[PDB]
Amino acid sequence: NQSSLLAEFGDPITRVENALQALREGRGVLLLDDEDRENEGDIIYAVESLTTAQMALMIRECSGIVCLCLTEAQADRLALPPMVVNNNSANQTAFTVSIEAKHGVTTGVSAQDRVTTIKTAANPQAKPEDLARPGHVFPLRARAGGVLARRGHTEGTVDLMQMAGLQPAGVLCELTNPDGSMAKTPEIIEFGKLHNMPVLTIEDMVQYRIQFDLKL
């Protein structure tokens, strides 16, 4: 079972603290959501330290739909409303209109171009005109309150950044097996071991936030 498998990454508190220190060091982490929800592991990177190599790993090891998790305030600053007026997706995944850097990219899809787009979007002094729409990067609006308001990878991403003391923007993508099926805990554990990436769950995060009275 999951809890028993994750044991080798430490106890739940250790699992959170290792994830936070990985992010501070510029490394990625792998975040599992609830078993009865998606039961998927996403690679998470802090935008602050995002490299082309990190992006390239996501593209070749994950779904390739690399999303940029943003606070409401940052999404607002960039004038990125929800893609649809009435979201009826299974998880209410908060996709905004898709984006591309207006300047400094070609087709938008290379690892370099996605990073350029993401860095442009995450710039504290970005304006809406810095991004063309539509494009190949997929921003997501994180819920105010984070994982204590919504138990998604979107909130997990942003909460991790804030908990780590980093700028509150991260990227995510779902780890996918070569045959096209989604990675499960065993494969996720293996991937984290291969790539020196801490693994943790949303429940780890929730329990950690509760214990340490963490408003973010």
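In this text, the rigid core denotes the largest set of C-alpha atoms whose superposition between the two forms falls within 1.5 Å. Start at 1 and count along the sequence shown; that's the residue number.
Q: Could you tell me which of the two stretches, 151-159 or 36-44, has its Cα atoms lying farther from the shown structure in 5 other deposited structures of this protein after fitting on the rigid core?
A: Of the two stretches, the larger average C-alpha offset in 5 other deposited structures of this protein falls on 36-44.
Q: Would you say which of 61-69 and 27-35 moves more relative to the shown form in 5 other deposited structures of this protein, going by RMS C-alpha distance with the core superposed?
A: Per-stretch check in 5 other deposited structures of this protein: the more divergent one is 27-35.
Q. Any chance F95 is unbuilt in a third or more of the other entries we compared?
A. In at least a third of the comparable entries (those modelling both sides of it), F95 has no coordinates.
Q. Looking across the other entries that model both neighbours, is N86 missing in at least a third?
A. yes, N86 frequently unmodelled elsewhere, at least a third of entries.
Q) Comparing 92-100 with 110-118, which has the greater mean CA B-factor as deposited? A) According to the PDB entry, the answer is 92-100.
Q.
Going by the mean C-alpha B-factor recorded in the entry, which is higher: 152-160 or 176-184?
A. It is 176-184.
**Q.** Maximum C-alpha temperature factor, selected from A132, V105, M83, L140
**A.** Result of the comparison over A132, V105, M83, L140: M83.
Q | Ranked against its chain, the third holding the CA B-factor of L194 | A | Highest third.
(Q) Considering every modelled residue of the chain and its Cα B-factor in the PDB entry, is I13 in the lowest, middle or highest third? (A) Highest third of the chain for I13's C-alpha B-factor.
Q | Chain third (lowest, middle, highest) by recorded CA B-factor, residue given as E40 | A | Middle third - that is where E40 ends up once the chain's C-alpha B-factors are sorted.
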